[PDB]
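1. model the structure of this input:
(3 chains)
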Amino acid sequence: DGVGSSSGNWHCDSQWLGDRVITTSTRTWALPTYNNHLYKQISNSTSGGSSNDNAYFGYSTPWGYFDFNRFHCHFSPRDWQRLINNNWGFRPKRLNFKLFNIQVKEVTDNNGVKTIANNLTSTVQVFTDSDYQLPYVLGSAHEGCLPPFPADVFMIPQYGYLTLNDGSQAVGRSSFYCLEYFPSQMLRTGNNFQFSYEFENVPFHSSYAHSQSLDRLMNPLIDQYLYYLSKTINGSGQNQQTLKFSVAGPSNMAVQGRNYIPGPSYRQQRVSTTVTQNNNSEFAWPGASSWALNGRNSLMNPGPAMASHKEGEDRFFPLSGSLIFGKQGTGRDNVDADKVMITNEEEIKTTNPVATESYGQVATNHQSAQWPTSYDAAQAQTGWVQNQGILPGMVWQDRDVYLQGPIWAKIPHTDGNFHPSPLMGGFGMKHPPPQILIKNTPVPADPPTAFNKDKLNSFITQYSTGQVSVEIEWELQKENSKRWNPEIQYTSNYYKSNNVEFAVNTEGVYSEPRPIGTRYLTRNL
Amino acid sequence: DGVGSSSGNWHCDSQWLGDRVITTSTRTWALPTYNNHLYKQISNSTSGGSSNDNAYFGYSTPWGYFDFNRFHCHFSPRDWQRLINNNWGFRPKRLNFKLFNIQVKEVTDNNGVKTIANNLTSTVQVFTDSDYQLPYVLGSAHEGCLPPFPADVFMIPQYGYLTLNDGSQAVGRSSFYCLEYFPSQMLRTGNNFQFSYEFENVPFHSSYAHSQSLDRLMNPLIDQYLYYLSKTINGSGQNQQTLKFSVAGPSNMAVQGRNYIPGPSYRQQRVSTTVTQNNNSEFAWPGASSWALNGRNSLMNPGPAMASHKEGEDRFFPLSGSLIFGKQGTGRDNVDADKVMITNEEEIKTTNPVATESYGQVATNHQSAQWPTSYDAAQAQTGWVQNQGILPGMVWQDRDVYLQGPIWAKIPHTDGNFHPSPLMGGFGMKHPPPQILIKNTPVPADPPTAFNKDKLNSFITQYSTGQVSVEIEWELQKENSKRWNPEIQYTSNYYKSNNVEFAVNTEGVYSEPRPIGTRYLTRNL
Amino acid sequence: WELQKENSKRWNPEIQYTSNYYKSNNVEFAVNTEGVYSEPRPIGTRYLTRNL
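-> Numbering: from 1, shown residues only, chains lettered A, B, ... in the order given. The structure is reproduced below:
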């Protein structure tokens, strides 16, 4: 408080240490009044008659929340380049959050002209759901995060949640949460808020690509001591059955015995960026490859981590198996392909199956020769495996993270799960960073001079602004490779252009021209 | 004071311990200027010519008071469910009250447009009547309590009181109280107010229902060693008198000797919710069953705790023997039955008489046989007992408390009383939680430049707002029943509906759909 | 047996297993006139609720 004194400082930089990097980000926010200080029941019926697949029931709250669950909220593009070009892995360790320099403004709109003035006695309520007693919405890749550019001023998003629904109706098991049922303190002028949190133990993210394929792990000079069936008939035919075996064999690497097999798969439809190569029909929902839950079909959005395309064809992408980001200024309804940025997980093709291909073939009958009678005899038949679950001896790589991608997600509190790495990429934790809720305290207008028991519905128009600072410490996994030839590194292009990539244009608009992965260095196996 | 500092915090939650539960509630209030800073004499004559039963004389004060004498002011609906489904009794122990974040606003209404601005130098006066030297109005089930929903902003009610009256006139014994005759302190900017209070020893509220009836406490297998008169004549007649006695007797449980009898009663008229079953006449006052005091008739509102109806008929309710709450949004004059919520004390039918039935029968003469002369002989006659006072060996249950019902009441300071449990339900104390009075300090407008002895009657239009926090610690009485079969518990209905019970609707209006009692668990005797 | 307590912040009441008050010839989970004990229905364990 006061002209000569502040309640907070700059705090925007990145410190690089031996095996640690500390990122600090500071932004200025604006928080309006949401829902006119009311809790409102919402459902699909309130927005027209939709399909059963899109039915929902929930509540909208007058609270707002802070979101920094994206990598660009903490790493500058140059800092991201340092991270991915020199480290085999990384993971968050602890975070520090600060709220300071609160300013509450009141707005009067009389006879057209609008006037904004300070309201020194107003308050802003902040609390953290450190016990995870509220629905968690930070793991759904929603907008409203801290802007990647530090100079941008952003709007705090409104907090809402969903519960159980039967169509547009609710059931007795549905839960209603009031955020005012959490501790409320009395504040004076000039206060600040801060808290700390420690990330639970998570595995390092694989920020590397494999220099070896799963089917090429053998010595290309030495035979195996195992045999494979190589011939079933002598050729010609009447009764020419036989059994011949052979050694494999660098010349027959396909039939060699192996200890491990590629990870699981779930077939996705293949779409070409060359529109003339696609079928002349409307297939976005019909060929979507989805999953069902309680009679509702939900798109198999990215899903299991699978290679986006086969080698030598980057023009193909799975229908809903890849993260698709929008370019700066891109609209929201029916935009062209040049307005969106489609990621591809081509690095994991060494261990994961191709998203648009079958996992393999399996036998579907018993081949048999003649034996008594004739029609009984049948040749060997095989069938395509379009979806394959986990099998012992399987290995796979998880989906890559991106500069514009999410960081963490909350593992659902269930009896069981398998490999709870979030399917959109990142670190899955049972106790992620808690949600931080914020709201302007309502200030009623002049009440009537005669008592009335009805709740007040006339408030002073107010909004608040301030600064938010988040600092995260990351642990680094160094690389000690013995590779002789130079590695692949992310780099800018020297060729001249009208604008500098990852900068502002003439109008002052910051833009990220392309997605940045983390898998540039290489390692064996 | 100041933007960066507050004078109070969140403080809104409930803590459950072994045998204690602590509830904390925080609300935002608004306090206008009442009565233009004047004390005004009020009477029934000021509101037209009413009947003698409604005559009164009193004063209206420019002060306001805080009311939290309702259970929903401290317990959330889910917290109420936890209390009543797991405990045999409860009682308050101590309370903590806080007032903070005071904001005083001044209003100017020139040429139509209204402007509201801060008045940093104004004050608000608060004091507690800890010596009970003022009339106590918190035990009359008045509106203006803390809203059940924490997000609602409420208006502080105006304080008024009554004294002795003769019609619309006063008498020499009437008392006039000035609230400014209580200690007044000088305040600076940014102050807060708080105080503590300890509840006096009160009995636990019976939050249970009896699994046994008062007339079925015997062993149904063993006879009694007592005899009862069973026959007075042999039958036929001329002179057939005799005296025959019998043992009772599981087959004659009605005539068995008993040690205790049902509690007192006061007959109430029976009204059916099926309007076609009621008499086609206007009977609300004529058949009201009231009591008189100094020539004034007052309705016997709920009165002695009695069973609302006999078993197998919930369509009947006593005329004024039950608490009737209004649904959300219900009007105040001549509303239909579907707009109100009628409670029923059906649980206490095991020990208390039915409100709409006679207590029993009593003998009203001396039966006699022939003896000299003839007309003297008379058969036995009995009369109905419509009202029965306390008798030795009587047992009864008090009226149940509700989530929307009152908590406590002040026992009148008289020479004597019997069982001073409030008739509307709750805990009766000689020294209840003291009244908390609050008022905006008057700020005069510009006075004339020439002295004038008359009191100033021109003040700046002001109102105040702030936050209020009340915390109450409750003592719990656990249950140790040996009942084998499951008990009856309060529960929500799973069946789908447009809105969630005890939540907000689409418009953001909170509503309580039904009254909640406390008697769900069972115990013997 | 070790117990795991619930600390939910759900506002509306939960679903609980309860007996039916409606009158009947026999008490559920008790003996009949002949003295035969019987369990009238299966009882699960999933009545309280939690997120995720």
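
2. going by C-alpha atoms from here, please, whenever you check contacts or count neighbours.
-> Fine.

3. buried set for stretch A:123-134?
-> Buried residues in stretch A:123-134, counted by 16 or more other CA atoms under 10 Å in any protein chain shown: A:123-127, A:129, A:132, A:134.

4. same question for stretch A:456-470.
-> When burial is assessed from 16+ other CA under 10 Å, stretch A:456-470 yields the following buried residues: A:456, A:461-465, A:467-470.

5. closest to residue A:293 out of the buried residues of stretch A:123-134?
-> Using CA to CA, residue A:134 is the member of these that lies nearest residue A:293, at 22.9 Å.

6. picking that back up, out of the buried residues of stretch A:456-470, who's nearest chain C?
-> residue A:456 (22.7 Å; CA to the nearest CA).

7. mind checking which of the buried residues of stretch A:123-134 land in strands?
-> With strands taken from DSSP state E, the overlap with the buried residues of stretch A:123-134 comprises A:124-127.

8. burial measure for the residue in the stretch 201-350 of chain A positioned nearest to chain C, as a count.
-> With CA to the nearest CA, the shortest gap between the stretch 201-350 of chain A and chain C falls at residue A:293, namely 14.9 Å. Neighbours of residue A:293 under the rule other CA atoms under 10 Å in any protein chain shown: 8.

9. residue A:55 too?
-> By the criterion of other CA under 10 Å, residue A:55 has 17 neighbours.

10. now do residue A:251
-> Counted with other CA under 10 Å, residues neighbouring residue A:251 total 11.

11. just residue A:387 next, same as before
-> 14.

12. how much space separates the residue lying closest to it once chain neighbours are set aside from chain B?
-> For residue A:387, the nearest residue in space outside its immediate sequence neighbours is residue A:266; the separation is 4.5 Å by CA to CA, 6 or more residues apart in numbering or on different chains. For residue A:266, the distance to chain B (CA to the nearest CA, to the nearest Å) stands at 36 Å.

13. tell me the backbone dihedrals of residue A:266, please.
-> Dihedral angles of residue A:266 (phi, psi; degrees, to the nearest 10) stand at phi -150, psi 110.

14. which residues touch it?
-> Residue A:266 is in contact with A:304, A:355, A:386-388, counting by CA atoms under 8 Å, 6 or more residues apart in numbering or on different chains.

15. picking that back up, of the buried residues of stretch A:123-134, which is the nearest to chain C?
-> Minimum separation from chain C among the buried residues of stretch A:123-134 (CA to the nearest CA) is found for residue A:134, which lies at 7.2 Å.

16. interface residues of the stretch 401-525 of chain A facing chain B?
-> A:443-444, A:446-456 (CA under 8 Å from any CA of the partner chain).

17. which among those residues end up buried?
-> A:443-444, A:446-447, A:449, A:451, A:456.

18. which phi and psi does the residue of the stretch 201-350 of chain A closest to chain C have?
-> The phi/psi pair for residue A:293 (degrees, to the nearest 10) is phi -150, psi 120.

19. same check, this time on residue A:388
-> Per-residue torsions, residue A:388: phi -130, psi 130 (degrees, to the nearest 10).

20. so it makes contact with residue A:359?
-> Yes: at 6.8 Å, residue A:388 counts as touching residue A:359 under the criterion of CA atoms under 8 Å.

21. dump stretch A:106-124 to CSV, restricted to CA.
-> Taking C-alpha atoms only, stretch A:106-124 is exported to CSV below (Å, rounded to 0.1, in the frame of the first residue of the first chain):
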residue,chain,number,x,y,z
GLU,A,106,-15.5,0.1,-9.0
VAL,A,107,-17.3,1.1,-12.2
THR,A,108,-20.2,3.5,-12.6
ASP,A,109,-22.1,3.7,-15.9
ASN,A,110,-24.4,6.7,-15.7
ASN,A,111,-26.0,8.4,-18.8
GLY,A,112,-23.6,6.6,-21.2
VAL,A,113,-20.3,7.8,-19.8
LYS,A,114,-18.3,5.2,-17.8
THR,A,115,-16.2,6.1,-14.8
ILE,A,116,-13.7,3.8,-13.0
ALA,A,117,-12.5,4.6,-9.5
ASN,A,118,-10.5,2.9,-6.8
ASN,A,119,-12.3,1.0,-4.0
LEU,A,120,-9.7,0.8,-1.2
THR,A,121,-11.9,-1.0,1.3
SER,A,122,-12.9,-4.0,-0.9
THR,A,123,-11.5,-7.5,-0.6
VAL,A,124,-10.6,-10.4,-2.8
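
22. and that stretch, what's buried?
-> Neighbour-count burial for stretch A:106-124, with 16+ other CA under 10 Å as criterion, is recorded at A:106, A:108, A:119-124.

23. one more: stretch A:208-221?
-> A:208-210, A:214-215, A:218.

24. centre-most residue in chain A?
-> Per CA atoms, centre = their mean, the C-alpha nearest to the average position across chain A is that of residue A:424, at 3.5 Å.

25. for that residue, what is the enclosing helix or strand?
-> Counting by DSSP states H and E, residue A:424 is held by no secondary-structure element, helix or strand.

26. distance of it from chain C?
-> Residue A:424 sits 17 Å away from chain C, taking CA to the nearest CA as the criterion.

27. residues contacting that residue?
-> Applying CA under 8 Å, 6+ apart, we find residue A:424 in contact with A:302-303, A:323, A:399, A:406.
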